[PDB]
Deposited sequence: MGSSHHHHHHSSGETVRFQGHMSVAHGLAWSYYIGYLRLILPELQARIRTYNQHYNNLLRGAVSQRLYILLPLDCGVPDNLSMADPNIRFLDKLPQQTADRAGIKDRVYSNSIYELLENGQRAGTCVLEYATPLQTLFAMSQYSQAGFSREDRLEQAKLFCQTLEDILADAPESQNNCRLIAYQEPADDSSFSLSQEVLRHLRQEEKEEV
């Protein structure tokens, strides 16, 4: 019954439930067609400070788009000690942009303290929705800091 609950349900109903059923087959088509294979599962970055940059760290490099289906998903390499240590489909949780905007607009009556509480609640709520819906993994973190090491810990 919070801001976070509506955002988690909208993100699941309006996006994840529509793209997750076909993701495994798209990754497989990419790996079969074309060092190291693209890991299965969609990795969602959840910066709890709600700082979502315009273009997804020196050790996270874009490689290619995945074959569509009107969904654009990107494959990245993760570097460790300067070399490729993993490859995966990665993307930011867009509802955290709305939490950031609500903290910025006075009309929302939503403080930066409310924002962090709702970001944590969004992560927990989304985790619980996905646990009850049998190809996805949430990477929550609060930002020196290495995002590549954060993703690599989940991949391994």
Check: deposited residues absent from the model (no CA) fall at 1-21, 56-59, 82-84, 98-107, 173-176, 186-190, 204-210
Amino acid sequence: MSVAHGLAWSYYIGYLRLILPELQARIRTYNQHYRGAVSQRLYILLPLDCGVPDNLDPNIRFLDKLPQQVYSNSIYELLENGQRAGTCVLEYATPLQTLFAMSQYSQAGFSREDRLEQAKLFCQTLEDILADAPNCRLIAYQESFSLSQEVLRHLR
From here on, numbers count along this sequence of modelled residues.
Greater mean Cα temperature factor according to the PDB record, 10-18 or 144-152 = 144-152
Identify the stretch, either 60-68 or 100-108, whose C-alpha atoms have the larger mean B-factor according to the entry.
-> 60-68
Between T87, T94, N31, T125, where does the Cα B-factor run highest in the record?
-> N31
Taking the values exactly as deposited, rank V38 by C-alpha B-factor within its chain and report the matching third: lowest, middle or highest.
-> highest
Entry-reported Cα temperature factor of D54, expressed as the chain third it lands in | highest
Tertile call for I27 (CA temperature factor, within chain, third-based) is the highest
Comparing against every modelled residue in the chain, figure out the third that the C-alpha B-factor of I129 lands in (lowest, middle or highest).
-> middle
